[PDB]
$ cat final-v4.cif   # mmCIF, C-alpha atoms and all ligand atoms
data_query
#
loop_
_atom_site.label_atom_id
_atom_site.label_comp_id
_atom_site.auth_asym_id
_atom_site.auth_seq_id
_atom_site.Cartn_x
_atom_site.Cartn_y
_atom_site.Cartn_z
CA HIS A 1 -11.15 27.70 -168.80
CA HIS A 2 -14.64 27.13 -170.26
CA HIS A 3 -14.88 24.42 -172.97
CA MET A 4 -17.92 25.85 -174.81
CA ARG A 5 -17.43 28.64 -177.36
CA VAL A 6 -18.99 31.82 -176.00
CA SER A 7 -20.77 33.63 -178.83
CA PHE A 8 -22.56 36.97 -178.97
CA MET A 9 -25.86 37.39 -180.80
CA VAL A 10 -26.86 41.02 -181.37
CA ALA A 11 -28.51 43.56 -183.65
CA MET A 12 -27.60 47.24 -183.24
CA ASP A 13 -27.91 50.53 -185.12
CA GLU A 14 -25.35 53.14 -186.25
CA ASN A 15 -24.97 54.28 -182.63
CA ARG A 16 -24.99 50.83 -181.00
CA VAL A 17 -28.62 51.15 -179.89
CA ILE A 18 -30.15 47.77 -179.14
CA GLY A 19 -33.09 48.72 -176.91
CA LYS A 20 -35.94 51.23 -176.57
CA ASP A 21 -38.30 51.16 -173.56
CA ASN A 22 -37.63 47.50 -172.84
CA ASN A 23 -38.41 46.67 -176.45
CA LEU A 24 -36.71 46.39 -179.87
CA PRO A 25 -36.68 49.74 -181.73
CA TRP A 26 -37.44 48.07 -185.11
CA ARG A 27 -39.41 45.27 -186.76
CA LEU A 28 -37.34 42.96 -188.96
CA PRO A 29 -38.74 39.36 -189.12
CA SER A 30 -36.06 38.30 -191.67
CA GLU A 31 -33.31 39.20 -189.20
CA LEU A 32 -35.10 37.09 -186.61
CA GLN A 33 -35.25 34.27 -189.14
CA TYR A 34 -31.47 34.56 -189.44
CA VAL A 35 -31.18 34.56 -185.64
CA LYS A 36 -33.45 31.51 -185.42
CA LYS A 37 -31.38 29.83 -188.17
CA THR A 38 -27.97 30.56 -186.63
CA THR A 39 -29.00 29.65 -183.05
CA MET A 40 -31.02 26.46 -183.68
CA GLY A 41 -30.15 23.65 -181.24
CA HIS A 42 -28.03 25.89 -179.01
CA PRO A 43 -28.30 27.53 -175.56
CA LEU A 44 -29.67 31.05 -175.43
CA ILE A 45 -28.43 33.13 -172.54
CA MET A 46 -30.76 35.94 -171.60
CA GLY A 47 -30.89 38.65 -168.94
CA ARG A 48 -34.16 38.43 -167.03
CA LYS A 49 -35.41 41.72 -168.57
CA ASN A 50 -34.58 40.43 -172.05
CA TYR A 51 -36.43 37.17 -171.47
CA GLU A 52 -39.55 38.81 -170.01
CA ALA A 53 -39.77 41.17 -173.00
CA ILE A 54 -39.69 38.05 -175.21
CA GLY A 55 -42.39 36.72 -172.86
CA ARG A 56 -42.09 33.00 -173.59
CA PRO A 57 -39.59 30.16 -174.22
CA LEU A 58 -38.14 29.90 -177.73
CA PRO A 59 -38.41 26.44 -179.42
CA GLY A 60 -35.53 24.04 -180.19
CA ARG A 61 -33.01 25.89 -178.01
CA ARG A 62 -31.98 25.70 -174.34
CA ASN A 63 -33.44 28.77 -172.70
CA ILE A 64 -31.37 30.16 -169.86
CA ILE A 65 -32.39 33.15 -167.78
CA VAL A 66 -29.95 35.22 -165.78
CA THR A 67 -31.30 36.81 -162.60
CA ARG A 68 -30.21 37.55 -159.03
CA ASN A 69 -33.70 36.49 -157.94
CA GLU A 70 -33.09 33.15 -156.23
CA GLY A 71 -36.83 32.36 -156.06
CA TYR A 72 -37.32 32.83 -159.83
CA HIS A 73 -38.74 29.99 -161.98
CA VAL A 74 -40.15 29.69 -165.55
CA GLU A 75 -41.58 26.60 -167.33
CA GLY A 76 -39.29 24.98 -169.94
CA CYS A 77 -36.57 27.46 -169.01
CA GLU A 78 -33.49 27.13 -166.83
CA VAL A 79 -32.44 29.80 -164.35
CA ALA A 80 -28.84 30.75 -163.59
CA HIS A 81 -27.67 33.42 -161.15
CA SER A 82 -24.00 33.87 -162.14
CA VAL A 83 -21.65 33.56 -165.10
CA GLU A 84 -20.13 30.47 -163.49
CA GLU A 85 -23.51 28.86 -162.86
CA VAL A 86 -24.07 29.23 -166.61
CA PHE A 87 -20.69 27.67 -167.43
CA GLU A 88 -21.82 24.82 -165.18
CA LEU A 89 -25.13 24.36 -166.96
CA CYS A 90 -23.22 24.54 -170.26
CA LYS A 91 -20.12 22.55 -169.38
CA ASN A 92 -20.80 20.07 -172.21
CA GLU A 93 -22.05 22.48 -174.89
CA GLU A 94 -20.13 23.15 -178.10
CA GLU A 95 -21.29 26.78 -178.50
CA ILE A 96 -23.52 29.12 -176.48
CA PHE A 97 -25.32 32.31 -177.46
CA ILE A 98 -25.32 35.31 -175.18
CA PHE A 99 -28.53 36.87 -176.28
CA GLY A 100 -28.83 40.05 -174.18
CA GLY A 101 -29.63 42.53 -173.04
CA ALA A 102 -26.95 45.10 -172.22
CA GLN A 103 -26.37 44.12 -168.58
CA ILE A 104 -25.98 40.53 -169.69
CA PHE A 105 -23.70 41.62 -172.56
CA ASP A 106 -21.53 43.49 -169.97
CA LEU A 107 -21.47 40.45 -167.71
CA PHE A 108 -20.05 38.13 -170.40
CA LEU A 109 -17.84 40.75 -172.14
CA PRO A 110 -14.53 39.18 -170.98
CA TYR A 111 -15.43 35.71 -172.34
CA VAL A 112 -16.53 36.34 -175.94
CA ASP A 113 -14.86 34.27 -178.73
CA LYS A 114 -17.15 34.90 -181.66
CA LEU A 115 -19.46 37.75 -182.50
CA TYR A 116 -22.60 37.61 -184.69
CA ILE A 117 -23.60 41.24 -185.06
CA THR A 118 -26.30 42.71 -187.27
CA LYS A 119 -25.58 46.31 -188.22
CA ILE A 120 -28.57 48.45 -189.20
CA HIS A 121 -28.12 51.62 -191.21
CA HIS A 122 -30.48 53.94 -189.34
CA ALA A 123 -30.35 56.09 -186.19
CA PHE A 124 -33.07 54.92 -183.78
CA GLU A 125 -34.17 56.63 -180.58
CA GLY A 126 -33.12 54.25 -177.79
CA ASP A 127 -32.15 53.84 -174.15
CA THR A 128 -30.16 50.59 -174.26
CA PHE A 129 -26.83 50.17 -176.04
CA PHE A 130 -24.37 47.49 -177.08
CA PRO A 131 -21.16 47.98 -174.99
CA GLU A 132 -18.07 49.57 -176.56
CA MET A 133 -15.45 47.00 -177.48
CA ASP A 134 -11.73 46.64 -177.85
CA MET A 135 -11.41 45.09 -181.31
CA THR A 136 -7.68 44.29 -180.97
CA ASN A 137 -7.22 40.63 -182.01
CA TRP A 138 -10.63 40.54 -183.61
CA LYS A 139 -11.08 39.80 -187.30
CA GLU A 140 -14.18 40.18 -189.46
CA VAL A 141 -14.66 36.83 -191.17
CA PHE A 142 -18.08 37.34 -192.77
CA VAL A 143 -20.42 40.10 -194.02
CA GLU A 144 -23.61 40.03 -196.15
CA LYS A 145 -26.54 42.35 -196.99
CA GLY A 146 -29.76 41.47 -195.16
CA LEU A 147 -33.13 41.34 -196.98
CA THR A 148 -34.73 44.76 -197.44
CA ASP A 149 -38.37 44.80 -198.52
CA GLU A 150 -41.86 45.88 -197.44
CA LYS A 151 -41.73 43.73 -194.29
CA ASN A 152 -38.10 44.65 -193.55
CA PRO A 153 -37.99 48.41 -194.33
CA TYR A 154 -34.33 49.11 -193.38
CA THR A 155 -30.83 48.48 -194.76
CA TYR A 156 -28.87 46.04 -192.59
CA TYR A 157 -25.85 43.79 -192.78
CA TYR A 158 -24.88 40.51 -191.10
CA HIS A 159 -21.36 40.68 -189.67
CA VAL A 160 -19.44 37.89 -187.95
CA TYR A 161 -16.16 38.43 -186.05
CA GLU A 162 -13.71 36.00 -184.44
CA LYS A 163 -11.17 36.74 -181.73
CA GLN A 164 -7.74 35.32 -182.59
CA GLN A 165 -7.89 33.54 -179.19
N1 LIG B 201 -31.05 44.48 -180.40
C1 LIG B 201 -30.68 43.37 -179.75
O1 LIG B 201 -29.82 42.45 -180.37
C2 LIG B 201 -31.19 43.10 -178.36
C3 LIG B 201 -31.88 44.08 -177.65
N2 LIG B 201 -32.32 43.88 -176.37
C4 LIG B 201 -33.03 44.99 -175.68
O2 LIG B 201 -32.23 45.48 -174.61
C5 LIG B 201 -33.03 45.90 -173.51
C6 LIG B 201 -32.76 45.04 -172.27
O3 LIG B 201 -31.45 45.20 -171.77
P1 LIG B 201 -31.18 45.38 -170.18
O4 LIG B 201 -32.07 46.48 -169.68
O5 LIG B 201 -29.72 45.41 -169.93
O6 LIG B 201 -31.73 43.98 -169.60
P2 LIG B 201 -31.07 42.51 -169.46
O7 LIG B 201 -31.64 41.58 -170.45
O8 LIG B 201 -29.59 42.56 -169.52
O9 LIG B 201 -31.55 42.08 -168.00
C7 LIG B 201 -30.75 42.39 -166.90
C8 LIG B 201 -31.26 41.53 -165.76
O10 LIG B 201 -30.44 40.38 -165.60
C9 LIG B 201 -30.19 40.15 -164.23
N3 LIG B 201 -28.77 40.41 -163.90
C10 LIG B 201 -27.99 41.48 -164.29
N4 LIG B 201 -26.74 41.33 -163.79
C11 LIG B 201 -26.72 40.18 -163.09
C12 LIG B 201 -25.72 39.54 -162.37
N5 LIG B 201 -24.53 40.11 -162.30
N6 LIG B 201 -25.97 38.34 -161.73
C13 LIG B 201 -27.23 37.77 -161.81
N7 LIG B 201 -28.23 38.41 -162.52
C14 LIG B 201 -27.98 39.59 -163.15
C15 LIG B 201 -31.09 41.11 -163.48
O11 LIG B 201 -32.31 40.44 -163.39
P3 LIG B 201 -33.18 40.51 -162.05
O12 LIG B 201 -33.44 41.94 -161.70
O13 LIG B 201 -34.50 39.82 -162.26
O14 LIG B 201 -32.39 39.82 -160.97
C16 LIG B 201 -31.25 42.26 -164.44
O15 LIG B 201 -32.46 42.95 -164.26
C17 LIG B 201 -34.46 45.77 -174.00
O16 LIG B 201 -34.86 47.00 -174.59
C18 LIG B 201 -34.38 44.67 -175.05
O17 LIG B 201 -35.46 44.73 -175.96
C19 LIG B 201 -32.07 42.68 -175.74
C20 LIG B 201 -31.39 41.68 -176.42
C21 LIG B 201 -30.95 41.88 -177.73
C1 LIG B 202 -36.22 36.52 -181.48
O1 LIG B 202 -36.94 37.53 -180.76
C2 LIG B 202 -36.31 38.51 -180.03
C3 LIG B 202 -34.91 38.69 -180.05
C4 LIG B 202 -34.26 39.71 -179.31
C5 LIG B 202 -32.74 39.89 -179.31
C6 LIG B 202 -31.89 39.86 -180.59
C7 LIG B 202 -32.36 40.20 -181.85
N1 LIG B 202 -31.54 40.16 -182.92
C8 LIG B 202 -30.22 39.81 -182.82
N2 LIG B 202 -29.42 39.78 -183.91
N3 LIG B 202 -29.69 39.48 -181.63
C9 LIG B 202 -30.44 39.49 -180.52
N4 LIG B 202 -29.84 39.15 -179.36
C10 LIG B 202 -35.03 40.57 -178.50
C11 LIG B 202 -36.44 40.49 -178.42
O2 LIG B 202 -37.16 41.35 -177.61
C12 LIG B 202 -38.28 42.13 -178.08
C13 LIG B 202 -37.15 39.43 -179.20
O3 LIG B 202 -38.52 39.30 -179.12
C14 LIG B 202 -39.41 39.52 -180.22
#

$ encode --input "final-v4.cif" --output "structure tokens"
Amino acid sequence: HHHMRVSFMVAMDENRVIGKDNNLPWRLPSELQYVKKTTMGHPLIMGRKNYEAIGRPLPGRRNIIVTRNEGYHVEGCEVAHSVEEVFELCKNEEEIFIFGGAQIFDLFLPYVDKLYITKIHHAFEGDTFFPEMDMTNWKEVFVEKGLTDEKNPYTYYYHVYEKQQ
């Protein structure tokens, strides 16, 4: 139905960990620079817990917060309460980025077209995971080594996948 391309933005470890105590388990500013680069001028779709961990709006992108809380408001952000209400707010967007966390990944699971996933080669302690996925009809179309250095102390790779509709 939806006219906008539903994309997933995620970084996860060797065991699909994406979260530790409502926080990222690693510090990788270069990966965030890639995220900022890839997502510029596009909607970011965030579960309320994800947004509040980030703490403030992110520049040059539509910020959309998913919550059941009907009284919930945030400055320079937009609040949706259902997948459909998002599709409404995004009815004229070309591409949209589901940005997390896990509950919000689960929610949009059946709608994903494209998949921007950063794979990190390390086993972090974590409580929050990226959902298991049926990769039938999916094709890896891109992969490249991330920048490892003093400020980015881990080995990671940028993967992009596309569902053959
Ligand atoms: N490594 C990565 O790429 C990423 C990691 N993370 C990490 O993941 C963790 C957060 O994930 P998680 O705990 O799942 O939190 P979420 O970001 O998914 O927040 C879930 C919230 O969204 C709202 N919500 C959930 N389902 C619905 C629904 N069906 N309808 C309306 N609103 C709904 C609820 O908000 P409310 O209770 O207010 O109504 C719920 O508390 C953190 O550790 C974070 O740092 C997050 C993004 C990316
Ligand atoms: C850009 O800053 C943040 C980003 C994220 C989520 C995230 C991080 N990386 C990737 N590849 N995908 C994602 N969805 C989660 C955060 O929570 C701590 C952030 O705050 C610093």

$ residues_near_ligand --input "final-v4.cif" --ligand "ligand LIG 202 (chain B)" --cutoff "8 Å" --atoms "only C-alpha atoms and all ligand atoms" --output "PyMOL selection string"
chain A and resi 8-12+22-24+31-32+34-36+50-51+53-55+58+98-101+116-118

$ closest_residue --input "final-v4.cif" --among "A:114, A:62, A:5, A:119" --to "ligand LIG 201 (chain B)" --atoms "only C-alpha atoms and all ligand atoms"
A:119

$ atom_distance --input "final-v4.cif" --atom1 "atom CA of residue 95 of chain A" --atom2 "atom CA of residue 163 of chain A"
14.6 Å

$ closest_residue --input "final-v4.cif" --among "A:83, A:45, A:102, A:65" --to "ligand LIG 201 (chain B)" --atoms "all atoms listed in the file"
A:102

$ atom_distance --input "final-v4.cif" --atom1 "atom CA of residue 154 of chain A" --atom2 "atom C21 of ligand LIG 201 (chain B)"
17.6 Å
